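Colleague: these chains are from a complex, not moved at all, and more is on the way:
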Amino acid sequence: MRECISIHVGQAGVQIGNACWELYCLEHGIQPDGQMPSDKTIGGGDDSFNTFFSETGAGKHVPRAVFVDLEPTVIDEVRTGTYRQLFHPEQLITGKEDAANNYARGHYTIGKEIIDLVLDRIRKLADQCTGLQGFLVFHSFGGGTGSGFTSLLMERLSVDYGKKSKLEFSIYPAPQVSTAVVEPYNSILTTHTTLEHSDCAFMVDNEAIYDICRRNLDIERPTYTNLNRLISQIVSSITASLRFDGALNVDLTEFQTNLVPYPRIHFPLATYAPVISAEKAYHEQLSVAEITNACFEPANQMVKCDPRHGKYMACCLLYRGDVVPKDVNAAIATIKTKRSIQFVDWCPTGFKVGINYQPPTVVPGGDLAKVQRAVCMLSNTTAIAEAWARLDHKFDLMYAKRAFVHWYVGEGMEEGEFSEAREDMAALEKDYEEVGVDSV
């Protein structure tokens, strides 16, 4: 047991679920049709991979997940794509009409038409579970469904499942791939209404991922397929502690104890290494010290901020592959003397380490190199508040003139919600400043 249910909302959520679930299937040797040769226990089992996959009596391993979107085009491609047999048709849920880049339609108007159906299906998966750990919610900040349906869902999930843990992987909007002028409004509304209901939230900055694809993978103009393949690697590093056995494997909840010092401070910065092309990885084995060092290079981060001009409250290293504790300790010793790492005066400065032996894998016909070892750093730094600040400034520019506000008010929202949400983010920015101030 310790089962984990994934919920994928809107286009970004859906397309990242594909990347993720395609990746998890390759990681565990599960074929497209759902069969898993190396699983001798047919119909069920207690194995670590069973946290993400139920078994049917016919030998089908089936994702503990639900894809939800308010229009059929993105989910229709899962219904007819390589992995169509993997999912039960009732896990793939669509409406007829989207939220149209409007938090309000996603939360109220189009959203309340499909919400009972979504909870009903989430419930059907929850009852296949002998000891459900919690949910993982994948969604964009900027979309209408991703922002407003997710918020509605999170609220409702807190009611049906109490305090059962809820993690978010949230896509933070970037101008290179942005689809709507109103993304800053959607972002601040979802962030605000989700903050009491989420226990931990990994932000992914599309720009950060966009820059990494250009710089490290030599990709001239990355598509979503390029970004999601990189994201799934990061997601996989984080969930790998849930999906694999291991002597040196620290569970993800144990990292969370360290990552979240107050309920509102639940936004860890992730950083992944190595991201390298096959061309460049040939005759170029990257040691534990090199990838560990790469975690403190802020070009390898998932969110554009500078931890060097801020303070750490935690630092977790999730290694996978050919890694042993000795090399890790030596690598950390080198970094402590040679790099810009200042903790707040109320945290202990120890780095928490976890190691999975299963080395990372790559999706066929991708841009990443297959490497012998890899690492995801999860840090809690005050620097991440930079990301809130940039986004809060864009919100303030538009909100001062009331640009676009009529589109939200027409679907039933009030001006009160906007300023209530912005003050919550003002307070959150002030919280991230307070934690960094030294004690007396």
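Modeller: On my side now, so go ahead. Residues are numbered from 1 along each chain as shown, chains lettered A, B, ... in the order given.
Colleague: give me the phi and psi for the residue lying closest to residue A:256 once chain neighbours are set aside.
Modeller: Nearest residue to residue A:256 in three dimensions, chain neighbours excluded: residue A:200, at 5.7 Å (Cβ to Cβ, 6 or more residues apart in numbering). Any C-beta I mention is one placed from the backbone N, CA and C, and that applies to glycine too. Phi and psi for residue A:200, reported as degrees, to the nearest 10, are phi -160, psi 150.
Colleague: residues in contact with residue A:200?
Modeller: A:165, A:167, A:168, A:256, A:259, A:260, A:266, A:268 (Cβ atoms under 8 Å, 6 or more residues apart in numbering).
Colleague: helix or strand: which one has the spatially most central residue of chain A?
Modeller: By Cα atoms, centre = their mean, the mean C-alpha position of chain A lies nearest to residue A:169, the distance being 2.4 Å. Per DSSP states H and E, residue A:169 falls inside strand A:165-172.
Colleague: what does residue A:14 give?
Modeller: helix A:10-27.
Colleague: from the chain's centroid, how far away is that helix?
Modeller: 11 Å (Cα atoms, centre = their mean, to the nearest Å).
Colleague: for stretch A:46-63, same thing?
Modeller: 22 Å.
Colleague: now what about that stretch, what contacts it?
Modeller: A:1-4, A:6, A:21, A:24, A:28, A:30, A:33-36, A:39, A:41-45, A:64-65, A:85-88, A:91, A:128, A:133, A:239, A:242-245.
Colleague: give me the buried entries from the residues you listed.
Modeller: A:2-4, A:6, A:21, A:24, A:28, A:30, A:34, A:36, A:39, A:64-65, A:86-88, A:91, A:133, A:239, A:242-244 (16 or more other Cβ atoms under 10 Å).
Colleague: from the residues you listed, which land in strands?
Modeller: A:4, A:6, A:65 (DSSP state E).
Colleague: which among those gets closest to residue A:343?
Modeller: Set against residue A:343, the nearest of those by Cβ to Cβ is residue A:4 (30.5 Å).
Colleague: show me the contacts for the closest one.
Modeller: A:51, A:52, A:64, A:132, A:133, A:134, A:135, A:136, A:239, A:242.
Colleague: try residue A:92
Modeller: A:67, A:75, A:78, A:79.
Colleague: filter the residues you listed down to the buried ones and express that as a PyMOL selection.
Modeller: Typed into PyMOL, the line below selects the buried ones among the contacts of residue A:92, using 16+ other Cβ under 10 Å:
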select buried, chain A and resi 67+75+78
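Colleague: excluding its backbone neighbours, what's nearest residue A:349?
Modeller: Nearest non-adjacent residue to residue A:349 (Cβ to Cβ, 6+ apart): residue A:343, at 4.7 Å.
Colleague: bridged to the one you found, which residues?
Modeller: residue A:312 (DSSP bridges).
Colleague: now the one 10 residues further on
Modeller: Per DSSP bridges, residues listed as beta-bridge partners of residue A:353: residue A:317.
Colleague: sequence below should go in as chain B:
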Amino acid sequence: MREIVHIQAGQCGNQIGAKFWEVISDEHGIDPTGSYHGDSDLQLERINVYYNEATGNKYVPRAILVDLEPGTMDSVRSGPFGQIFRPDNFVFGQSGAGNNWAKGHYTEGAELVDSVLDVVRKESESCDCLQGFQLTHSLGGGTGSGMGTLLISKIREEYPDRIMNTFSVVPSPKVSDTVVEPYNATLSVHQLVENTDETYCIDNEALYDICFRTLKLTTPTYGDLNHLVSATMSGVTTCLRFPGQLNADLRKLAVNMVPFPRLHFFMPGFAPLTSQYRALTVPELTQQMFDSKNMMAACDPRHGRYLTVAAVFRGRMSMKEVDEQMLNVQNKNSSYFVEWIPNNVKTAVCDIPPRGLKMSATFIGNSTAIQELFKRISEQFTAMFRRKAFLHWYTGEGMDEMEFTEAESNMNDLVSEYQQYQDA
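Modeller: Below is chain B, added to the chains above:
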């Protein structure tokens, strides 16, 4: 007084507790399935203290194995000596305790404790004369810490006249699962001060340093630390497990070691430290056991004073030489033993050595320098608690800030009390 009932709680509790049963089962000639293939009658003479006799002359450890998750306890059953434990005494929950004291003490563990007490009562009843209970646990996680101290409180209620022993593993940043350890430890120390007669303080700081500095293990595992723990546990139970003049029991130990009831935190020590070929002379054992480098608690005994001492020599050796050497360190370092408890060092010798060594020494000290341990944990605690950091994990299971304040105060009082006798 013979029968002891052993309980092991949580990851650490069950890991070290498994090694203890491995070590002493070899010493008493019991094999991985439970049969006696020994040679000396001295091996079976007080086998009753820790083992029950079963159908077919099998010996079954009087051991209750407790955890809130089945991870560690499936490993114990998998491991070398697992098949010896009575299968009804495996009592386990499903969801674990997430290194949270509150979950162990107040919510998750509360659900499970009454089942553990039914096995305790089962083992307690088929005992000729129960002397007491020993618990193995760490103070830093949530099950062995919080649930463990909940058990202790319940056992004291039902058996208020029996002795309570702990082997309590104190935490260190040098070997650290989570930032909340100082919180968990401070909540458990508050329990231990009130509800135990004796506690062996195994500091993981001290085990790491012995492993690093004195044994040349650059990257020490929990296996390397537990090697040191089970040799210390073997040593401080020798006098209960073997003969033959010392009618040593847990109550006698409590009476002679503990001049003031709250000051029952013992610093253990072992010589020689291992992981040899040249056997040690009695002078060397006597220098080594008293050395700071050989203490299982990270405290300089020169910074404090010894209230009482109990030393236990194992092997064939001259008792003349053992008295001479034990009297030499007292006479040559007399400032470090309190003048107001005459003859506070008591020494014993047992002919059977442990596996591997021809001769060895185990030290049990109630030193006032133990305060340094509680000061170290008090400091780590305050660093965080002054900004109420990480508290939401505890307040979400119904605990209040006042309960942390209380606990911080009891420990700081303990420290004051130890400091009181260092200067008297």
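Colleague: in light of the added chain B, please revisit the contacts of residue A:92.
Modeller: A:67, A:75, A:78, A:79 (Cβ atoms under 8 Å, 6 or more residues apart in numbering or on different chains).
Colleague: what comes up buried for the helix holding residue A:14?
Modeller: Buried residues in helix A:10-27, counted by 16 or more other Cβ atoms under 10 Å in any protein chain shown: A:10-25, A:27.
Colleague: quick one: end-to-end length of stretch A:241-249, please.
Modeller: Separation of the first and last residues of stretch A:241-249 by Cα to Cα, to the nearest Å is 6 Å.
Colleague: stretch B:258-273 now?
Modeller: The straight-line separation of the ends of stretch B:258-273 (Cα to Cα) is 27 Å.
Colleague: right, and the helix or strand after the helix holding residue A:14?
Modeller: Once the chain leaves helix A:10-27, the next helix or strand it forms, by DSSP H and E, is strand A:53-55.
Colleague: and the chain, what are its domains?
Modeller: Went with chain A since none was named. A:1-268, A:269-383, A:384-440 (curated CATH domains).
Colleague: nope, chain B please
Modeller: Split by curated CATH domains, chain B gives B:1-259, B:260-369, B:370-424.
Colleague: tabulate the ones you listed (a markdown table), appending distance to chain A and mean neighbour count.
Modeller: As requested, the domains of chain B are exported to a markdown table (distance: least, Cβ to the nearest Cβ, whole Å; neighbours: other Cβ atoms under 10 Å in any protein chain shown):
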| stretch | distance to chain A | mean neighbour count |
| --- | --- | --- |
| domain B:1-259 | 4 | 20 |
| domain B:260-369 | 16 | 18 |
| domain B:370-424 | 5 | 17 |
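Colleague: which one, of those domains, ends up nearest to residue A:196?
Modeller: Of all the domains of chain B, domain B:370-424 sits nearest to residue A:196, with 12.3 Å by Cβ to Cβ.
Colleague: report the distance from the closest one to the chain centre.
Modeller: Remark: domain B:370-424 is offset 21 Å from the chain centroid, using Cα atoms, centre = their mean.
Colleague: stretch A:147-161 now?
Modeller: On Cα atoms, centre = their mean, the centre of stretch A:147-161 falls 17 Å from that of its chain.
Colleague: show me what that stretch is in contact with.
Modeller: With Cβ under 8 Å, 6+ apart as the criterion, stretch A:147-161 contacts A:7, A:9-10, A:13, A:68, A:70, A:99, A:102-108, A:111-112, A:115, A:118-119, A:122-123, A:126, A:134-135, A:137, A:139-141, A:164, A:166, A:168, A:186-187, A:189-190, A:193-194, A:196-198.
Colleague: for the stretch 1-150 of chain A, which residues are neighbours of chain B?
Modeller: Residues of the stretch 1-150 of chain A lying close to chain B (Cβ under 8 Å from any Cβ of the partner chain) are A:1, A:131.
Colleague: tally of neighbours for residue A:394?
Modeller: Using other Cβ atoms under 10 Å in any protein chain shown, the number of residues around residue A:394 comes to 17.
Colleague: which ones are touching it?
Modeller: Contacts of residue A:394 (Cβ under 8 Å, 6+ apart): residue A:184.
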